[PDB]
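Chemist:
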Amino acid sequence: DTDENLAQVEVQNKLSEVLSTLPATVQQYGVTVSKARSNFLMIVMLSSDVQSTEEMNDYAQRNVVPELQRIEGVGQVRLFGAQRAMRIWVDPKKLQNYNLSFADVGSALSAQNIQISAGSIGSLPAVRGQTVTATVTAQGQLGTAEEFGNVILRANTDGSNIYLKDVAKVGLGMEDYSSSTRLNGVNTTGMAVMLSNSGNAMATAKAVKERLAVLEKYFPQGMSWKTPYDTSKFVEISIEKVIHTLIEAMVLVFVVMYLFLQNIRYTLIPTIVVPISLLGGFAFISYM
Amino acid sequence: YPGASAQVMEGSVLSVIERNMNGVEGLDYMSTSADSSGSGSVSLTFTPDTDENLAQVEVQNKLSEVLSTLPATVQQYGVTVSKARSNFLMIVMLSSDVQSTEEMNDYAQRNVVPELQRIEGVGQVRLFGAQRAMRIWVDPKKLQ
Amino acid sequence: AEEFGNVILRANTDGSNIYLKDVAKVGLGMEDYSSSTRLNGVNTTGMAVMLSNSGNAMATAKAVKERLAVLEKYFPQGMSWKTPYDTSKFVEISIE
Amino acid sequence: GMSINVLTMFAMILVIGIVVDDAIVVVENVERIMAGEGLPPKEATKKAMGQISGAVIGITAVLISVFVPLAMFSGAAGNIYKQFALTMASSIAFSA
Amino acid sequence: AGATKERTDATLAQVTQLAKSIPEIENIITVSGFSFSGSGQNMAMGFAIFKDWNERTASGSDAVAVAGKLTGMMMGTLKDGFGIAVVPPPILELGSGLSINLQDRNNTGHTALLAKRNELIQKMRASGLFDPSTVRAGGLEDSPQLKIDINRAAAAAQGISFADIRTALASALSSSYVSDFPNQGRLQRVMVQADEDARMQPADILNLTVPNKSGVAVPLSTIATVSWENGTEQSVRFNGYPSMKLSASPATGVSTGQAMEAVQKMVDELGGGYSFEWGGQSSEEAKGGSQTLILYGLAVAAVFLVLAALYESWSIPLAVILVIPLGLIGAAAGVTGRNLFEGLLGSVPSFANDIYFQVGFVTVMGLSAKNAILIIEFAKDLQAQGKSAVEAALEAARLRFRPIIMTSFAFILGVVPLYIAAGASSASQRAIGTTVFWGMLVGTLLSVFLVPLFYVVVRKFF
Amino acid sequence: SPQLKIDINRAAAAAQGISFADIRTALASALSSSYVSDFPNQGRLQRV
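In structure tokens:
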């Protein structure tokens, strides 16, 4: 008896009661709850020349969450790969060289890279006859790989500073490096949309392929979208089959009746009866 | 986020929630309003078929998954979820002579939550002002 | 507030203590100081009730005004409640 | 389950004529017959109901038919339309 | 911009003064810190509630008139503030809302997106497709902000960790939540914030002494620079993309079709990688008026069918659905006729094709069908007895004249209280008052003469 | 699968060794990465 609405959130209920006892690394990561049909509706292969797999995975995350999760029917979209992160690759030998460690570099980034909020001038409460109220900004967040390399791991007394530029190779990489997707050999990066428990196949896949059609207009060009996997085409075949077969059976039934009743007047009526009686069934179908 | 300007508020807090808010069922569209008052908002308007019960709590679902990555100041404050019609039914003006605005706001919080939120129909009561706190006003010169 | 002023910020070796009474003005204030409400000029403080998505207008407003009626009995006196804004009166006009 | 909207009352105020319409159609026809056929209150009504019953059925069915599709709209204007149409469709059904 | 509670409560004080110069207004409620656009020290809004409807019965006492008078007073006397009074929409919201949300679908600078926002605004004002006036960027204000540049070279030389700098600026400017304390049987908040004398001077920002690693108190003056630049006071992210609200309207003179059409092309013009979308208010549900041919499609189909069901032919339904425009010309001339009347003396004629005209017209179309059904059903009986078309039609019209008058004129008179209705929701009560009254009067009149003709025209052809 | 098993006698930790916590930080951050903070990348808070 399907009621994913009451169950998914009673699951989140127990997990909200649980998250604290979970390891600090896991709790920082976050444990997700999903009412997920494990079946794949369709894949959307993104192939580009100027872009790379890492780079596409960053813009994939730019058209997939705002747009491909909003679409009706789809209750989950799984991206093959990972959005890009600031990967820092320390060398343990250069660590023991300066009498350093992983705890030092970790704390270094935890200190020299923090979100700082100041406040405002002439905020409330204010003095009498104050004139201007203005917020003040300060940035304690490193944005580029170079700024991450110039972070201090240790300050020597003579004025010399040990940088992450010395002990580590810093740059933009991915969060994970496990999943490898390939269309016909070439390195492509596809997105798999799955159905929620109220998900369709023709209407949903129609929606995602004509939504991605407009999405492509705002792509960094050189970016194309192919949909090899598609179960909506199997459904289209079914409605093609119902039209063709009903035509075959109807033309057939007419023939036997005309061959027996031997006049167009006699035979024209029961073939006019069947669309009416089947349309009646069709009405009952939408009702239930 | 008391100190957060518009951009810091939008980026460090509001944008973190939004990225998890269209996995919610029947999500028609969503907007975000981050201002310099140290307050931030993100609205999720749903498709016409009304079921606020399933939606409000799927919102809380994603936000329960989110609260940890949010700034320590915000997480200590707490981020609230509400199925709110923005229209004002009525205002209840409390006027007193012996009492002051600060003092009334303390007893306002004494008759409004136990009583004016229990009442059927009302799903939100907004108090104009704030309940009283132990304010400590340090002088930075006496600090140095 | 007095107990908050006598908190130690630093204990000197001779026995002297640096208090918050010295470095700060401590007392009861508000959590925020932004919103300013005024009825006809005088400094009043009103409460705005909004409807849930299953909210009425006549029944709800009736309920809150006759609930606050009994609530006033337990008020620290000198405390009066006025309801200038009211959309239930528009409904009463309709049934009239 | 619909709370009484304003338009619903408009109906019943507009409709109030149309509920009398059938009562009028009947009462006028017996009155015509109580002058034309001019027979005792029972026999005149027999002649009335015999010539005018189906004529009343007409009025009912045509108002019922024309008023139902105003409801088949979804949305804000759809809600208001469906309300007014349903309250009418009920009132005419009970007048019929 | 750069406003504070003092100047705001000063403007609000002037507002309360002007509102209390108006006898229609009973009470006024001024609230500083909030407006429809946004929040802050510059934002404020007032609720000028009126006296009873019964007293405000004179030309210039309607909510729109006081709104216009008050706004005019403020625009003339209000110092240090843009103040305007507007009237609340009847239903849907519970002003004319037009929400475009120009989002950038490329990671370009916010400055470029708002420059393209103003570009969209400017080009839409210059164009006639987006009819002039009602042009205003929705959201909030741009304000001069302070920008503390902190070189990490100073932090590495003799400076302190960024964390301590954060603690300094945050706790000295925007208070710091430290713990909970028991107050009168309730756990309240304890908050630490720097004095007014400090966190209010722009130059004082550097004067705060951050705790160096060695227990030294060092001012920001040695490690930081303050830059008096500009910045937004409201960041809007619509649908995952940072957007901006701008306004432009085609109202009471031009259909919204062409404007909503050209605007997509407008957004296409700049960048090409920029997009827009729609939000809005009651005016978006006002759009639900081009769904009408399906209404009357289902209407005349249901009537034609039921007619062909009861009367058991196809000529009579055609003799009745022929009568539906006769009530239409009556309702339309009634609305137009009252828009004529009200415009000559002292009022602004405000009747139109609203929902009350529509629901009222549906009624009229029903009653007219009833009338046509009545006479043509009797003439249907009379054609059976070999009575000629003109004969059967005349004897029918002769026999159904009195009841038709008796019913219709009981109804036409019955909606006169709605026709003359005043007070609360009077605009609606009179809207459905006019369209029903004149729609049924002219409807009945034209029908009662042309319906016996309708039988003769139809039956002599069928 | 063939796995590696690091046996750590607490006698060594008590003699000249370090707390188990630091050993955890070492092995975890040296083998399976360590999530330290968030950084602003092209208008989006990503991971470092």
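Protein chains in written order, with the entry's author numbering: chain H, 97 to 384; chain B, 49 to 192; chain U, 241 to 336; chain P, 385 to 480; chain X, 577 to 670, 673 to 1040; chain W, 721 to 768. In this text, a Cβ means the ideal position worked out from N, Cα and C, and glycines have one as well.
1) Check whether the Cβ of residue 153(B) lies closer than 7 Å to any Cβ atom in chain H.
2) Is residue 167(H) near residue 299(H), with beta carbons less than 7 Å apart?
3) Is the region 169-184 of chain B close to the region 283-297 of chain U, with three or more CB pairs under 8 Å?
4) Listing by chain order, which chain X residues have their CB less than 8 Å from the CB of residue 241(H)?
5) Whole alpha helix (DSSP H) runs in the region 971-998 of chain X with 4 or more residues, listed along the chain?
6) Out of 478(P), 454(P), 440(P), 479(P), point me to the one whose CA is closest to residue 391(P)'s CA.
7) Checking contacts by CB at 7 Å: is residue 264(H) closer than that to chain X?
8) Indicate whether residue 708(X) and residue 586(X) have their beta-carbon atoms separated by less than 7 Å.
9) For residue 319(H), does the count of other Cβ atoms within 10 angstroms reach 16, so buried, or fall short, so exposed?
10) May I have the straight-line CA-CA distance separating residue 422(P) from residue 980(X), to the nearest angstrom?
11) DSSP has residue 807(X) in a bridge; who is on the other side?
12) Output the boundary residues of the alpha helix (DSSP H) element that contains residue 158(H).
13) By Cβ distance below 8 Å, which residues in the same chain neighbour residue 406(P) in space, the five residues on each side in sequence not counted?
14) For the candidate residues 121(B), 72(B), 87(B), whose alpha-carbon lies nearest to that of residue 105(B)?
15) How big is the Cα-Cα spacing for residue 737(W) and residue 239(H)?
16) Quick one: does residue 215(H) have its CB under 7 Å from some CB of chain A?
17) Can you tell me whether residue 905(X) is buried or exposed, with buried defined as 16 or more other CB within 10 angstroms of its CB?
18) Is any beta-carbon of chain B found at less than 7 Å from that of residue 307(U)?
19) Taking 7 Å as the limit between beta carbons, can you name the residues of its chain near residue 147(B), skipping five residues before and five after?
20) Quick one: grab the DSSP three-state call for residue 362(H).
21) Say whether the region 766-780 of chain X touches the region 710-723 of chain X, bearing in mind that this needs 3 or more beta-carbon pairs closer than 8 Å, one atom from each stretch.
22) Check the Cβ-Cβ distances between residue 73(B) and every residue of chain X, and say whether any is below 7 Å.
23) Looking only at its chain, what residues have a beta carbon closer than 6 Å to the beta carbon of residue 895(X), apart from the 5 residues adjacent to it on each side?
24) Alpha carbon to alpha carbon, how far is residue 270(H) from residue 182(H)?
25) I need the straight-line Cα distance from residue 603(X) to residue 158(H), nearest angstrom please.
26) Taking the alpha-carbon positions, what's the residue 648(X) to residue 711(X) distance?
27) Residue 275(U) and residue 607(X) look like a contact to me (Cβ under 8 Å); what is the Cβ gap, rounded to whole Å?
28) Taking residue 322(H) as the reference, which of 141(H), 246(H), 382(H) has the closest Cα?
29) As a quick exercise: from 126(H), 125(H), 136(H), 371(H), pick the residue whose alpha carbon is nearest that of residue 324(H).
30) Using a Cβ cut-off of 7 Å (strictly closer), state whether residue 766(W) contacts chain H.
31) Taking 7 Å as the threshold (beta carbon to beta carbon), is residue 83(B) in contact with chain X?
32) Are residue 233(H) and residue 655(X) touching if we call contact CB-CB under 7 Å?
33) Count the C-beta pairs between the region 391-401 of chain P and the region 463-473 of chain P that are closer than 8 Å, then say yes if the count reaches three, no if not.
34) Please name the residues in the region 600-615 of chain X whose beta-carbon is closer than 9 Å to at least one beta-carbon of chain U, in chain order.
35) Going by DSSP in three states, residue 207(H) sits in which element: helix, strand or coil?
Modeler: In this structure, then:
1) By this cut-off, residue 153(B) is not an interface position.
2) For the 7 Å CB-CB criterion, residue 167(H) and residue 299(H) do not form a contact.
3) Yes: the two stretches touch, three or more of their Cβ pairs being nearer than 8 Å.
4) Ordered by position in chain X, no residue passes the 8 Å Cβ test against residue 241(H), which lies about 15 Å from the chain.
5) Runs found: 994-997.
6) Cα-wise, what sits closest to residue 391(P) is 454(P).
7) By this cut-off, residue 264(H) is not an interface position.
8) No, these two residues do not count as a Cβ contact at 7 Å.
9) Note on residue 319(H): 16 or more other CB atoms within 10 angstroms of its CB, so buried under the neighbour-count rule.
10) Separation of residue 422(P) and residue 980(X) (C-alpha to C-alpha, rounded to the nearest whole angstrom) is 18 Å.
11) Residue pairing from DSSP places residue 807(X) in a beta bridge opposite 723(X).
12) Counting along the chain, the alpha helix (DSSP H) containing residue 158(H) begins and ends at 149-159.
13) If we look at residue 406(P) and ignore the five residues flanking it on each side, its Cβ neighbours are 440, 443, 444, 479, 480.
14) Ranked by how close their Cα comes to the Cα of residue 105(B), the residues 121(B), 72(B), 87(B) have 72(B) in first place.
15) Each residue's Cα considered, the two are about 38 Å apart.
16) No chain A is present in this structure, whose protein chains are H, B, U, P, X and W.
17) With a threshold of 16 other beta carbon atoms within 10 Å, residue 905(X) meets it and is buried.
18) So, interface residue.
19) Answer for residue 147(B): no residue qualifies.
20) Helix, per DSSP.
21) With the cut-off at 8 Å, the region 766-780 of chain X and the region 710-723 of chain X do not touch.
22) No, residue 73(B) lies away from the interface with chain X (no Cβ there is under 7 Å from its Cβ).
23) Non-local beta-carbon contacts of residue 895(X) in its own chain, meaning distances under 6 Å to residues more than five positions away in sequence, involve 882, 885, 886 in chain order.
24) Roughly 7 Å between the two C-alpha positions.
25) Between residue 603(X) and residue 158(H), the C-alpha separation is close to 51 Å.
26) Each residue's Cα considered, the two are about 18 Å apart.
27) Confirmed, about 7 Å.
28) The option with the nearest alpha carbon to residue 322(H) is 141(H).
29) The shortest Cα separation from residue 324(H) among 126(H), 125(H), 136(H), 371(H) belongs to 136(H).
30) Answer yes: the Cβ-Cβ gap between residue 766(W) and chain H drops below 7 Å somewhere.
31) Interface residue, yes.
32) In this structure, residue 233(H) keeps its C-beta atom at 7 Å or more from the C-beta atom of residue 655(X).
33) With a cut-off of 8 Å, the region 463-473 of chain P and the region 391-401 of chain P count as touching, because enough Cβ pairs lie within range.
34) For the region 600-615 of chain X, the set of positions with a beta-carbon nearer than 9 Å to some beta-carbon of chain U reads 602, 603, 604, 605, 606, 607, 608, 609, 610, 615 in chain order.
35) Here DSSP, grouped into helix, strand and coil, assigns residue 207(H) to helix.
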